[PDB]
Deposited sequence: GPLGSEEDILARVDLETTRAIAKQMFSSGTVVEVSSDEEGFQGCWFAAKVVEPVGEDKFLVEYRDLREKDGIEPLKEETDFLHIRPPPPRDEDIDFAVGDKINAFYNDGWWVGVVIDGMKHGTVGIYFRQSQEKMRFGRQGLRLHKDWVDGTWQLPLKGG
């Protein structure tokens, strides 16, 4: 968050994230939809996958402008390589991680620093990591 500009980031969130806007909300990114902007900096969002305790009602939460972003653009022809920063769809969310072993029988070996564990993920649940920075998509530094 030395990459982003607070002022720009706030303005751009206020521009793009209207009611009904499909977004991701923050280590891990969860699919969600804007319910309504709140204040000048916050957004009430409804999670696509996360649920309240009953496992039925969608979880709703307030998030700030620094924890929301558009869905990233997709790539289908992804050539995963060792060292690549990726997201893995894990526990209803896209977890940041690293490729530690290339593709084998449709799966990729993944490591998560956040929980210090490694496992394989199917290629359906994998994407290259991308940073939303001042209204643009940037690849990792």
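According to the record, C-alpha coordinates are lacking for deposited residues 1 to 9, 36 to 42, 158 to 160.
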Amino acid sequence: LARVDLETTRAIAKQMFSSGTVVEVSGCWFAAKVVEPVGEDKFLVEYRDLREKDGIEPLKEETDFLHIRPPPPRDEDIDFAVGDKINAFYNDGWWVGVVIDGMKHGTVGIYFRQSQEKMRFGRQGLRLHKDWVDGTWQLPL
From here on, numbers count along this sequence of modelled residues.
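For the two regions 86 to 94 and 28 to 36, the entry's Cα B-factors average higher over 28 to 36.
When the C-alpha B-factors of 112 to 120 and 75 to 83 are averaged, 75 to 83 comes out higher.
Reading the B-factor column for the CA atoms of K42, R51, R69, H105 in the entry, the top value corresponds to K42.
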